[PDB]
Structures are given as structure tokens and as C-alpha cells.
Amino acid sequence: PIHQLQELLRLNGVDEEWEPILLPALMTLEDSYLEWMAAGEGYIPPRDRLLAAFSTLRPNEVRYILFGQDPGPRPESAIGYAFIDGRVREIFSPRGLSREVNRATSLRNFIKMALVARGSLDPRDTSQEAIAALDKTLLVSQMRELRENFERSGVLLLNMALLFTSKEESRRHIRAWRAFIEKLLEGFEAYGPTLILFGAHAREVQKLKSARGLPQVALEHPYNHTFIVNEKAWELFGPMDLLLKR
């Protein structure tokens, strides 16, 4: 069971530094569950990416924990990060945002919000035309790069459940992973990262005894167009400059 867990961390490229925090948390899962997960069949993302959010950051670099619900329904979308859609490649296109970004509503509005936050777009014109006209030499061009700048800001992209099987079971999986999220937050108490809580998650995470210690920022949810012009979102994400290429 532990041997399997250290194989799992490996398989995902997660550094040994994570073991004091990650192994206890993963040890909160029931063991029928852990054997099944070790078989690595019947769920997304693939087992070698379950822990992808932990594969670059080290515990002492985490400054923000950004929550999502679960890896979602599309296999191509789920790559082990809470908020990033695996189907996106190019952020932009000659008419503005790419097709993949535009269908991913939350990400479309988050990117527009970032463009507004840095002052590239005026909050009253965030059309695809306004975006198409902007000079993008200094901005990232790939979803890969957006996620990497999430990690350069210390943002752990954490899903409440690290795997998905089918829509109907998502609730069950979330209940299976709660103790894990929770031991996990227990481990960060000393570090004190800020929990970034979209929509219902804010209220939900209050039920965790251990979320109580950590600082929190409750925002509404980027699927709403209102999120584009929400100045608390500008204040939180602006200093990260997530669209600036490095």
C-alpha cells in the first residue's frame, strides 16, 4: 500500500519532498479504492498524471491552492490539473481567442479577465475583435505556458477528487477524496497558503476543520461573464501576470 504509493508519486514525477504531506493524505483513501486506483484502469486522468499538480512545485513553494471539483468528463481534457483544459493548445487565433479556448467557457472568461487585469483590454470591450487587435509578442501562446505560470506563482491546481469515472459517480468520488484533501490541507498549516475558492467551493470547504486555519479568497466562478470585470479577481490574479511569456 505504501510501496504502491511511492510508485505512484514516482510515476507522476512527484519529488520525495512531498511524501510527508502527500503520503498521509493519500493514505486516507479506503483500500478497495487504492487497489483499484493502482490497477490504473477505468478512470481519467491516466494514473501517470493523477498527481500532476504536484510534479513541479515543492511544498514550500505553494502560495495558493486553486480548487476545482473533479477532472471532468472528457478524457482529452483531464491531465491532472484542476482548472486547465487539456484540449487547449494555442490560446489565440487570428480572430482572437482560439476555438478550444472559446468553447471552454470558464477558461475563455479567465483569460479575458487576465487581459483586463493587466490593462491590455478595456473592461467594456473584451470581444474577439478587441483581442485579435492586441499585440501578442510578449504574451504566452500555449495553455502549457499558462499552467506553467500558474506554478511560477505557487498555485497548486487542486481538484477535490483526483479522478473521474462517469458523471453519476462524481459525488461518490468526492466523498472518497474528502479526507485526502483534508489531511492535505492539514499538512499546509505551517505554510499557510491562500485557498482560492470559486463559487460553491467556498461554502463547502468551510466544513473542513483544516481549511479554517488557512487564508481564503472567495470569488465567483469564471463561467460567469461577470468574472471578466470583477476587480477582486483583478487584485488576486493580476500580480501573477499569468499571460506574460517568460
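Quick note: we count residues from 1 along the sequence shown, nothing fancier.
If you average the CA temperature factors over each stretch, which comes out higher, 201-209 or 177-185?
Mean C-alpha B-factor is greater for 201-209.
Mean Cα B-factor comparison, 109-117 or 129-137, giving the higher one as deposited:
Between 109-117 and 129-137, it is 129-137 that shows the higher mean C-alpha B-factor.
Sort 218, 65, 52, 29 by C-alpha B-factor from the entry and give me just the highest.
The record points to 29.
Sorting the chain's CA B-factors, does residue 154 end up in the lowest, middle or highest third?
It falls in the bottom third of the chain.
Pull the Cα B-factor of residue 147 out of the PDB entry and bin it into the chain's lowest, middle or highest third.
Lowest third of the chain for residue 147's C-alpha B-factor.
Ranked by Cα temperature factor within the chain, is residue 73 in the lowest third, the middle third or the highest third?
Highest third of the chain for residue 73's C-alpha B-factor.
Ranked C-alpha temperature factor of residue 195 among modelled chain residues, by third:
It falls in the bottom third of the chain.
Taking only the Cα B-factors deposited for this chain, tell me whether residue 244 sits in the lowest, middle or highest third.
Middle third - that is where residue 244 ends up once the chain's C-alpha B-factors are sorted.
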